[PDB]
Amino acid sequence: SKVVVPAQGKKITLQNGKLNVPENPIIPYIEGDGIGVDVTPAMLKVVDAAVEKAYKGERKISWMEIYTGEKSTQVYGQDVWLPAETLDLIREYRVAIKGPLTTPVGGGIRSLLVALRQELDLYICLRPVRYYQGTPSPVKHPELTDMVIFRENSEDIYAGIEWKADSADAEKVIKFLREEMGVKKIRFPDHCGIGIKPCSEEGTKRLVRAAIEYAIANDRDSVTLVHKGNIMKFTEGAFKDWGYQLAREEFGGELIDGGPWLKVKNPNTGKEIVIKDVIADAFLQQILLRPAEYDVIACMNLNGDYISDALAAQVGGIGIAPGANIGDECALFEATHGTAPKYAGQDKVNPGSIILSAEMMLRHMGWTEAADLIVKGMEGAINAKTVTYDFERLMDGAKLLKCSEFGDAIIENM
C-alpha cells in the first residue's frame, strides 16, 4: 500500500524445499532505525557491486523497501510500528534483509524483532562467529573461534507468557499453582511476577535437525547441545534428550565409547560428527578456555542469545557479527547490533554486520560467487587497516574511514 513494488524484477519461488531464484530477484529490505540510515546504504552498494563483479552484468537485484519500527510510524501513521503487509511481503518475496529496529517503551509493545521472528515462524536464528584476521580482540587467541550458533527462535521464555505482580492474572495463576497443582516452592507468592518457559519435542527436533544437517552439508566436526538441564529438567533437560534421540533415530547416531556422546557419519565425506552436550554455565567458560573443541552449537532461545553475544565479543566482532532468522517458507537476514541513535546520520559506524548478513543472504540464494567476493572484500579492508572508528580506536597504524568509505573499501578489496 505504501511499498513500491519494482517494475523490473521477479519474485523468488519456493519449489518444494528448493529456492528458485531468478536473475533479477526482488529483495525486500527494512532500512532500520538509528544508524540503519547509515549502514543500509553501504550494504546495498557493496551487494550490488559484488553481484556486478561476479556475474558480469547478467544478474541484478531489484531492492524493495518495506517498513517496520520508527520509520513505519512516519510512513503509515503514529500507531503502526509493524504493518501487516510487511509480514505478507517477507513471506511472499521469500528472502529479506533488515537494519536495527526501535521498539517503544510505555505503550505495551513487545520486541518488534521477536514479533517478526515468531509471526513468520522463523524458527532458526543462525549466527556464525569466526575471527577475521586483524580485527582487534580482547582475548589472546581469537583465531581459535569458528563456531555456528543454531539458536531456537520460537519457544522458551521468549514466548512472552507472563503476568505482572499484584495483577489479578498473576494472583489467579499463583492460585492455580498453589491450590490445584500444590506448589510449595514459591518463596514469596505476594508481589510476585510470573513467567512461563515452554519447550516442546517438535520445537527442539526441527532446530537440532537443521543444525545436524548444516554439519553434514559443510562437514563440520561436531554439534554441541548446550543446556542448563540439571536445574531445568523438563525444558532444557528435555531439549538435550530430544536432540540426542534425533541424532540416534534420524542420523544413525551410535555411542562413542559407553556414551553419552554420539557419532553421526557424514554421508558425503565419510568423517564422523560428534554429537555432544555441555551444561550452559560451564560452556561459557569453555568457549574462552577451549574454543577449538567446539563448532556447531545447538541451544534454546535465551542461551543462544547469551552465547552468541559472548562469542561475538571475544573475536572482536560485536559490530561485524551477522545473523539470519530462517523458517521453512522465508528468511530474514539482519544486522545484529542496536540502533545507536547518538551516531545516527553521522556516517561513522561499522556497516560490517549488515554486509556480512548480506553475504549470508546471497549464499542462501545460491549466489555463492557474489557472497565470496564480499568476505574477500571484508578480509582485505580489515587487513589493510582501512577501517571505521570502533576498530581504529584499538589499532595502531590504522586509517580512519567513514561508514560509506568502508563500503568502498570492501569493494576495493574484491
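Note that residue numbering begins at 1 and tracks the sequence as displayed.
Higher mean CA temperature factor between 229-237 and 306-314: 229-237, per the PDB entry. Annotation for 188-196 versus 219-227: the higher mean temperature factor (C-alpha) is found in 188-196. Across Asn383, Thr40, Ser62, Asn350, the entry's maximum B-factor at the CA atom is seen for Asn383. Sorting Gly106, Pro128, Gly243, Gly327 by the CA temperature factor given in the entry leaves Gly106 at the top. Remark: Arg206 belongs to the lowest third of its chain, ranked by C-alpha B-factor as recorded. Sort the chain's modelled residues by C-alpha temperature factor and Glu180 lands in the highest third, per the entry. Ranked by C-alpha B-factor against the other modelled residues of its chain, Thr339 falls in the middle third. Among all modelled residues in its chain, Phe283 ranks in the lowest third by Cα B-factor. Split the chain's modelled residues into thirds by C-alpha temperature factor. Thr388 is in the highest one.
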